[PDB]
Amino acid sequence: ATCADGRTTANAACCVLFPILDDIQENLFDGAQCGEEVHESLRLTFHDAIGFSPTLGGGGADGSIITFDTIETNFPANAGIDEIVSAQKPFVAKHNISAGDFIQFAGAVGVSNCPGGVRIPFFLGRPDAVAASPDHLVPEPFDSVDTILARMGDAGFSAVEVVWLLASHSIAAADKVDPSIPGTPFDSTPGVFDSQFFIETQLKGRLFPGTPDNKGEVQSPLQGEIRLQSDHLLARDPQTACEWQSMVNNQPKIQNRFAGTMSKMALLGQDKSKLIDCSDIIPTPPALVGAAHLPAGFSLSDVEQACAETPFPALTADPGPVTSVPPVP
């Protein structure tokens, strides 16, 4: 079909997304960048969609975290979901689509801004949220591996699918894990969608950045990087360790699995055959910047290998001496 300004798309219903793309790129993503706002909106897709259980209830990706912010925003697990929700609300009100659609749309666009990023399939027509999500549906970093895999399993995800989704921590920081150091990223290149997250979580920890005693934090191998307790355990648990390691220096797999599982996540509580494919609206991501590497000063011996069938790949270390990682601006 051909839309108002001559831009085209497969299905005419998708035309409404064009002016919304333009607005959010300029006014939410600070000029189509891969910074905080993108990170924040990516997180939001999860906090929305994961509110779904065949036993416990919840409408999955339905925008209920926005429509029922008052309730959900005040779940312990949704700490710091405030700003994101409050930031997207004017766009939701102003524009032409449901909150469920907007949350996933912005997330997908946001990802497409990150170097090494991938186009996430996007479908239109989620109806307004019916009710709030029930409590206890959002995984926390201090949840054990069994609790995390059970919850994600209950939502519809296998163990390997969890690992694939955690590629999101490649473009991610923390504000509330250690409040003393807001904006501390989970890997060295928070503005690039790459495998550094899967590499650097496998390294032997060295120190606590910021303060030493926080719920859901373990020692990080790098100053200016934070390691979630959960990610640390997932890189090493027999259920997830080998798949985790398989992501290392494997950009095409990372892109493929992330796009596939994100689309599955975005469809939680929904029906693909009852939506319109609006995937061609999603822009083309910039190519990957940089190659897989150990941090400077590090070597293979600093990797705590935990995949029983397959050894950790050979990676070189960055030229020079050990160094920190700036908080996310």
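The numbering used is simple: start at 1 and walk along the sequence shown.
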Where do the C-alpha atoms have the higher mean temperature factor in this entry, in 259-267 or in 22-30?
-> 22-30
The stretch whose C-alpha atoms carry the larger average B-factor in the entry, 127-135 or 197-205, is 127-135
State the tercile, meaning the lowest, middle or highest third, of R151 with respect to the CA B-factors recorded for its chain.
-> lowest
Please place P182 in the lowest, middle or highest third of its chain by C-alpha B factor as given in the entry.
-> middle
Ordered by C-alpha B-factor within the chain, which third holds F157? Give me lowest, middle or highest, please.
-> middle
Against its chain's modelled residues, does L44's Cα B factor rank lowest, middle or highest third?
-> middle
CA B-factor ranking of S246, expressed as a third of its chain = lowest
